[PDB]
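# A look at the structure
What follows is the residue order along each chain.
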Amino acid sequence: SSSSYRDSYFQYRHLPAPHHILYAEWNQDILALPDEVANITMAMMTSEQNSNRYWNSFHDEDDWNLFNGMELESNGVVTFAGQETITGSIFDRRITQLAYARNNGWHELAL
Amino acid sequence: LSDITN
Amino acid sequence: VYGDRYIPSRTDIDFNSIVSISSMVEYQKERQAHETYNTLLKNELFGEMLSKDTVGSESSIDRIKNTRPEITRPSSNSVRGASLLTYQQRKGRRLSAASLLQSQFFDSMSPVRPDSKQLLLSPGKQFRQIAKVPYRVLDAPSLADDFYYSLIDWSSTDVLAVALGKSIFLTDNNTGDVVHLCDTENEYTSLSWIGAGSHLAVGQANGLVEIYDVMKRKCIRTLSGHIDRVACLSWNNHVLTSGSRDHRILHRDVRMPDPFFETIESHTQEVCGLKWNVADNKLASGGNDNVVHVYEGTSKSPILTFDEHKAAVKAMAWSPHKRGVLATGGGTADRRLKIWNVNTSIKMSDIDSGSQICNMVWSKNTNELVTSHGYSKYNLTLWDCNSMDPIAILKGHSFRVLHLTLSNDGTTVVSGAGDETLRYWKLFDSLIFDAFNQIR
């Protein structure tokens with residue numbers, strides 16, 4: 001017949017050592033993706049929480065404070081949580097600065 | 001009236 | 001300043017030390033109290049190895065929490081945890097700067113580590129569900145305890161109408177007393193109110209539906225149409241709906257002097273549960289036939305049919321929050337709480353309740369349901385339709401529980417049972433106005 005005369009695909013001589021076929025299972029190994037799957041080790045819903053925390057570590061203090069309990073509604077109305085509430089429409093530039101102000105600024109009733 | 005007995 | 005990989009430096013922490021470090025309703029509160037004490041103890045007692053380790057930011061508490069074998073911001077994302085040998089750590093110290101003398105100063109008043117102080121000062125979550133014994137019980141001697149009965153009913157005016165024996169009594173929450181309306185020869189089975197508490201539609205044991213006034217304490221009129229006892233009542237702002245043991249499904253248009261408007265006899269056996277849909281012109285019906293029918297308006301044609309029941313079922317009604325969601329109770333041998341969807345023919349849930357179900361109550365601002373029970377365990381079952389998991393179980397009734405209802409605020413719930421007890425629990429809690437506020 002004719003088996004080794006065709007060279008139109010990956011064959012036994014294209015890989016350097018012909019005996020590597022003995023293992024031939026390392027190709028079908030999914031490598032753990034970089035960040036979130038580090039939490040499954042600790043646990044041995046939680047993995048996604050650790051992904052959120054990992055990517056959430058890249059914040060400034062005030063920026064994170066702004067986004068601590070931030071919730072965005074579908075229609076564009078945004079509610080901001082103070083640790084009062086700052087319910088207002090997003091896409092106007094003033095509301096975010098006002099949340100910043102009441103977050104880091106000083107307010108005193110003074111009797 | 002509360003004070004329900006067992 | 002950076003250690004080599006092939007020749008790592010050894011930390012002071014020993015093999016078995018990591019074995020120690022990695023070791024781990026009022027019961028939940030005590031368990032949380034014990035865990036923070038243990039975490040604080042192992043954090044403070046250890047940490048000299050952890051203090052010598054690390055490169056920047058982070059904390060010894062984070063390192064301990066990362067050891068595998070309202071939240072504030074985590075500093076850094078390193079999850080190295082405990083380790084025998086360290087590569088990065090080569091002894092090095094930052095020069096003293098004004099922040100450091102600020103830091104060593106707030107430390108001078110602290111008898112413990114700053115990290116432990118931050119952990120303790122951090123607020124634990126105050127997230128608990130309180131479903132305990134009733135905080136208030138009143139008097140109602142000689143309460144009816146028949147399976148086809150539904151007596152108590154909420155009204156917006158803090159007013160409860162109860163059929164105690166053969167007389168109708170009125171309980172006012174604002175006053176806490178009992179007021180007698182009237183009495184008759186035949187016992188009452190179903191109670192209802194029309195309008196805004198102006199009228200009280202009551203069903204008797206012979207189907208002789210007589211409307212009694214509340215303020216005037218008089219019988220408004222006397223109707224017929226049922227040759228057997230009424231089982232439950234419902235209404236949507238203009239027409240009362242009555243179901244009875246003799247398969248009668250009577251809709252009464254209270255506008256004209258003869259309220260009787262239409263009748264429906266589409267079931268195979270007796271009708272026991274019948275709650276009209278106030279929002280939409282639909283009706284939910286069922287009984288001991290193991291068959292639940294959904295009608296459109298007053299027409300006799302069953303738009304939807306579902307027959308998953310197996311015994312005498314009394315509890316079926318629409319859920320106010322999500323439209324088309326009908327919850328149906330179980331039976332003596334069925335005991336299946338079944339949640340259904342109208343206009344889509346979809347089974348949302350079907351779960352054993354552990355006992356026969358007789359009545360249901362839906363919350364106001366949450367997806368919490370309470371269901372009555374009888375002839376099997378004489379208890380009450382709490383329900384969460386979103387996650388399908390019971391929360392708490394309420395018991396303590398000499399006779400079976402049949403009558404239930406919701407308060408105005410969604411907090412108080414009432415139970416009706418032959419034990420002559422009313423158990424009250426507490427489970428829950430634009431530029432037009434710009435022009436108004438210009439004048440002050």
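Cut-offs used in this document
- Residues numbered from 1 in each chain as written, not as in the entry; some residues may be left out.
- Chains lettered and ligands numbered in written order.
- Part of a larger assembly, values for the part shown.
- Heavy atoms only, no water.
- Residues with missing side-chain atoms left out of burial classes, pairs and counts.
- Helix = DSSP H or I, 4+ residues; strand = E, 2+ residues; numbered from the N terminus.
- Rg over C-alpha atoms; globule rule 2.2 N^0.38 Å.
- Pairing = 2+ DSSP bridges.
- Contact = heavy atoms within 4.5 Å.
- Nonpolar A, V, L, I, M, F, W, Y, C, P; charged D, E, K, R; others polar.
- Axes fitted to C-alpha atoms, helices over the stretch in contact; angles between N-to-C directions.
- Parallel < 35°, antiparallel > 145°, perpendicular 65-115°, else oblique.
- 1 Å grid on protein atoms, 1.4 Å probe; cavity = no way out; pocket = protein on both sides within 12 Å on 5 of 7 lines; lining within 4 Å.
- Points joined across faces, edges and corners; volume = space filled by probe spheres on them.
- Expected span 1.5 Å × (residues − 1).
- Buried < 20%, exposed > 50% of the residue type's maximum accessible area, 1.4 Å probe, protein only.
- Patch = residues over 30% accessible without salt bridge, like charges linked within 9 Å, V, L, I, M, F, W, Y side chains within 5 Å.
- Areas by Shrake-Rupley, 256 points an atom, 1.4 Å probe, with all protein chains shown as cover.
- Salt bridge = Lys/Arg side-chain N within 4 Å of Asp/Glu carboxyl O.
- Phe/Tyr/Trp six-rings, centres within 6.5 Å; stacked < 30°, edge-to-face > 60°.
- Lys NZ or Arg CZ within 6 Å of the ring centre and 35° of its normal.

In the PDB archive, cryo-EM is given as the structure determination method for this entry, at a resolution of 3.5 Å.

We now examine the overall build of chain C. Counting its regular elements, chain C contains seven helices and 29 strands. In summary, chain C has a C-alpha radius of gyration of 32 Å against a globular reference of 22 Å for 440 residues, an excess of more than 25%. Overall, the C-alpha framework of chain C stretches about 95 × 60 × 45 Å when taken along its three principal axes.

Right, let's talk about the pairing of strand β22 (residues 346-352) of chain C for a bit. All names here are of chain C. Of the pairings in the sheet, the one linking strand β21 (residues 336-341) to β22 comprises six bridges and is antiparallel in character. Bridge pairing in β22 links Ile-339 to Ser-349. Counting the residues between successive antiparallel strands, the hairpin from β21 to β22 contains four residues, one of them, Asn-343, with a positive phi of roughly 70°.

This part covers the interface of chain A and chain C. Facing 10 residues of chain A, the contacting portion of chain C comprises 11 residues. Broken down by secondary-structure element, the contributors of at least two residues to the side of chain A that touches chain C are α1 (39-43) and α2 (46-56) of chain A. The class makeup of the residues in the side of chain A that touches chain C is four nonpolar, five polar and one charged.

Time to look at the sheet that holds strand β24 (residues 368-373) of chain C. Residue and element names in this part refer to chain C. Strand order in the open sheet formed by four strands is β23-β24-β25-β26, with antiparallel pairing between adjacent strands. Because the sheet does not close on itself, it has two edges, and the strands there are β23 (357-362) and β26 (393-394). For strand β25 (residues 380-384) and β26, the ladder comprises two bridges, and the chain directions are antiparallel. Opposite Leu-380, over in β26, you have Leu-394 as the bridge partner.

What links the strands of a sheet is backbone hydrogen bonding, and the strands pair in either a parallel or an antiparallel sense. Residues and elements named next belong to chain C. With antiparallel pairing, three strands are arranged side by side in an open sheet as β4-β5-β6. Among the strands making up the open sheet, the edge pair consists of β4 (159-164) and β6 (178-183). Each strand of the sheet is rotated relative to its neighbour by a mean of 25°, with strand direction disregarded. The sheet contact formed by β4 and strand β5 (residues 167-172) spans six bridges and is antiparallel. Across the sheet, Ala-161 pairs through a bridge with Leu-170, a residue of β5.

Our next topic: the packing of helix α2 (residues 26-45) of chain C against helix α6 (residues 114-121) of chain C. Residue and element names in this part refer to chain C. Axis separation between α2 and α6 bottoms out at 10 Å; the angle between their running directions is 170°. Viewed along their axes, α2 and α6 adopt a mutual orientation that is roughly antiparallel. For the pair α2 and α6, the contacting residues are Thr-36, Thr-39, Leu-40 and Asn-43 in the first and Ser-116, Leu-119 and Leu-120 in the second. Here the contact of α2 with α6 is composed, by residue class, of three nonpolar, four polar and no charged.

Turning our eyes to something else, we now look at the layout of surface pockets. Empty space among the atoms becomes apparent when a probe as large as a water molecule is rolled across them. Residues and elements named next belong to chain C. The computed volume of the second largest pocket comes to approximately 1,100 Å³. Every residue lining the second largest pocket is counted, 42 residues in all, and those nearest its centre are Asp-153, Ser-234, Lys-275, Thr-405 and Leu-406. Of all elements in the fold, only β7 (188-194), β11 (230-235), β15 (271-276), β19 (316-318), β23 and β27 (401-406) reach the threshold of two or more residues within the lining of the second largest pocket. Residues belonging to the lining of the second largest pocket are distributed by class as follows: 27 nonpolar, 12 polar and three charged.

Residue and element names in this part refer to chain C. The end-to-end C-alpha separation of α2 is 28 Å, in line with the 28 Å expected for 20 residues at 1.5 Å each. Here α2 has its buried residues at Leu-40, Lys-42 and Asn-43. Packing partners of the buried residues in α2 comprise α1 (15-22), α4 (60-66) and α6. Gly-47 sits one or two residues past α2 and shows a positive phi near 105°.

So, about a nonpolar patch on the surface. Together, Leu-22, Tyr-23 and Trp-26 of chain A make up a nonpolar patch on the protein surface, roughly 430 Å² of accessible area in all. Secondary-structure assignment places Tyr-23 of chain A in the segment before α1.

Residue and element names in this part refer to chain C. If you walk through the whole model with that rule in mind, you get 13 salt bridges over all chains. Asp-53 is the salt-bridge partner of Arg-63, the closest N and O atoms lying 2.4 Å from each other. Of this pair, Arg-63 sits in helix α4 while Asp-53 sits in the loop between α3 (48-52) and α4; the two residues are 10 residues apart in sequence, bridging distant segments of the chain. Each of the two residues, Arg-63 as well as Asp-53, counts as buried.

What follows is about the packing of aromatic side chains. Per the stated rule, a full pass over the model turns up seven aromatic pairs over all chains. Seen in terms of ring centroids, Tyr-54 of chain A and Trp-55 of chain A are 5.5 Å apart; in terms of plane orientation they differ by 85°. Their pairing is edge-to-face. Between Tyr-188 of chain C and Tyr-212 of chain C, the ring centres sit 6.2 Å apart and the planes meet at 75°, which makes this aromatic pair edge-to-face. Placement of the pair is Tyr-188 of chain C in strand β7 and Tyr-212 of chain C in strand β9 (residues 210-213), with a sequence separation of 24 residues. Of the two residues examined, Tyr-188 of chain C and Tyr-212 of chain C, each falls in the buried class. By the ring-pair criterion, three or more aromatic residues cluster together here, those being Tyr-54, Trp-55 and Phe-58 of chain A. Between the NZ or CZ atom of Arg-136 of chain C and the centre of the ring of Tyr-424 of chain C, over which it lies, the distance is 5.1 Å. It is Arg-252 of chain C that lies over the ring of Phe-260 of chain C; its NZ or CZ is 5.6 Å from the centre.

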